[PDB]
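Notes follow the structure.
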Amino acid sequence: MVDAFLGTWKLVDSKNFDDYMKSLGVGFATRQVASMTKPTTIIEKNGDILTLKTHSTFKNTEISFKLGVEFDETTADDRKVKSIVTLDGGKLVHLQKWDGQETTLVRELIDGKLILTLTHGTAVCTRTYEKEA
Ligand SMILES: CCCCC/C=C\C/C=C\C/C=C\C/C=C\CCCC(=O)O
């Protein structure tokens with residue numbers, strides 16, 4: 001079910017990431033560095049366990065989870081959240097909850113590119129990743 005998402009992906013387009021970060025309360029200096037970073041995202045599976053790595057010159061993260069099972073997560077911007085990842089309409093949907101807030105990180109494949117849509121508050125960021133061979 002998740003298999004077309006698996007692999008190594010490189011950021012190739014970003015829209016409204018500053019809006020998203022600002023909505024989350026990220027400080028200017030961090031936003032500034034983040035806006036010039038091009039992360040690599042690695043998604044791998046081992047049975048029912050998915051591992052999602054995000055690597056850059058600034059911050060790195062790694063999470064492991066089972067689809068449909070809540071997990072604790074500490075995000076790149078240091079939020080301690082309750083998370084769940086599920087497939088919905090063929091999209092990989094990641095929901096984070098903390099302090100009564102929510103944000104969604106939705107991944108979908110369009111023409112072989114991975115489109116990540118980040119929503120918090122009214123801010124909607126779209127980032128596009130291409131597969132590395
Ligand atoms: C480890 C993330 C590396 C790239 C971004 C650089 C710095 C992170 C700093 C702040 C960003 C604020 C919120 C983190 C939440 C989502 C970022 C996902 C970006 C992506 O997956 O495209």
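Remember, it's 1-based here, ligands and their atoms both numbered in the order they're listed. The chain is numbered in sequence order, starting from 1.
Protein heavy atom in closest approach to atom 8 (C) of ligand 1: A76 CB, 3.9 Å. Regarding atom 6 (C) of ligand 1, its nearest protein heavy-atom neighbour is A34 CB, 3.8 Å. The protein atom (non-hydrogen) at minimum distance from atom 10 (C) of ligand 1 is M21 SD, 4.0 Å. Of all protein heavy atoms, the one closest to atom 1 (C) of ligand 1 is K59 O, 3.5 Å. Among all non-hydrogen protein atoms, the one lying nearest atom 20 (C) of ligand 1 is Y129 OH, 3.4 Å. Nearest protein heavy-atom neighbour of atom 15 (C) of ligand 1: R79 NH2, 4.0 Å. At the top of the distance list for atom 14 (C) of ligand 1, counting protein heavy atoms only, stands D77 OD1, 3.5 Å. If you check which protein heavy atom lies closest to atom 2 (C) of ligand 1, you get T54 CG2, 3.8 Å.
Set against the non-hydrogen atoms of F58, the atoms of ligand 1 under 4.0 Å away are 7 (C). Listed by atom number, the atoms of ligand 1 under 4.0 Å from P39 heavy atoms are 3 (C), 4 (C).
Side-chain atoms of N60 come within 3.5 Å of backbone N or O of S56 as a donor-acceptor pair.
In this model, a donor atom of one side chain and an acceptor atom of the other lie less than 3.5 Å apart for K10 and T40. For the residue pair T86/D88, the side-chain donor-acceptor check at 3.5 Å is not satisfied.
Atoms CD1 and CD, from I84 and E70 in turn, are 6.5 Å apart once rounded to the nearest 0.5 Å.
Checking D99, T103, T74 one by one against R79, the side chain to side chain contact (heavy atoms under 4.5 Å, CB included) holds for a single residue, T103.
For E108, the side chain to side chain contact (heavy atoms under 4.5 Å, CB included) partners two or more places apart in sequence, or in a different chain, are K91, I110, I115. Shown here are the side chain to side chain contact (heavy atoms under 4.5 Å, CB included) partners of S23, two or more places apart in sequence or in another chain: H120, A123.
Between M21 and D77 there is no side-chain heavy-atom pair separated by less than 4.5 Å. With a 4.5 Å cut-off on side-chain heavy atoms, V2 and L50 count as touching.
Annotation: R127 places an N or O atom under 3.5 Å from an N or O atom of ligand 1; distance criterion only.
Distances from ligand 1 to the non-hydrogen atoms of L116 include at least one value under 4.0 Å.
Of all the listed residues (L52, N60, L118), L118 holds the heavy atom that lies closest to atom 18 (C) of ligand 1.
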